[PDB]
């Protein structure tokens, strides 16, 4: 019955002035999804959970209509609205045949001004590194990128999961994402599959060879190159990429 108070925010860029008492296990993992509600969770940029995210059989499901990045209907990415800094997330994930999703971490909610001075919501992924979720056997993204760097558990389009030990579609996979003092490790199915380091020259060089380079996408470069912003922190998010996917046993340990 041990529990810990985690702060959360309820709307775009809001301060985390509310709180949830969540279970914490014997090793410090706080269960952030309760199996039954979206308490603490909301749409990236919204004050409401988009109804394409549902809850069934103890899992968060996305209900995709097949438009990839479109984020059409009552969609968009989903965040657990508590900023983490040094943390280790563990979860299980399952893809339908041919499905694409992702885990986003260190996400900031970012707006730009258009030519009229209105605020425009920028994509979660121009600030947040992404752990790819994919059916590697059927989604064509599996064959794009370089060295299989768009297969499940890759840092999408930058560093491939090696080993690529995904189970086939319809089976539960385990994911781990660890961020500790700038060292990031992805795990998949109880193995560490890649490692990298934020805020270094080599990270800069990696971004300069990406679709988020300073030349191609200045805002993305600025945000990602100082990932997590001034305080190096941000939201865990789940990706709307138009496809059916399920997540469960979502747990985060705060690291010191």
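Numbering follows the first chain given and starts at 1.
**Q** State which stretch shows the higher mean Cα B factor in the entry: 138 to 146 or 111 to 119.
**A** That would be 111 to 119.
**Q** Given the B-factors recorded for C-alpha atoms, which segment has the greater mean, 244 to 252 or 20 to 28?
**A** The deposited B-factors put 20 to 28 ahead on the C-alpha mean.
**Q** Give the position of residue 102 by CA B-factor within its chain, expressed as the lowest, middle or highest third.
**A** For residue 102, whose C-alpha B-factor we compare with every modelled residue in the chain, the answer is the lowest third.
**Q** Hey, what third does residue 219 fall into on Cα B-factor, ranked over its chain?
**A** It falls in the top third of the chain.
**Q** By the record's CA B-factor, is residue 201 among the lowest, middle or highest third of residues in the chain?
**A** According to the entry, residue 201 has a C-alpha B-factor in the chain's highest third.
**Q** Considering only modelled residues of the same chain, in which third does the CA B-factor of residue 195 rank: lowest, middle or highest?
**A** CA B-factor rank for residue 195: middle third.
**Q** Thinking about Cα B factors across the chain, which third does residue 227 belong to?
**A** For residue 227, the deposited C-alpha B-factor lands in the middle third.
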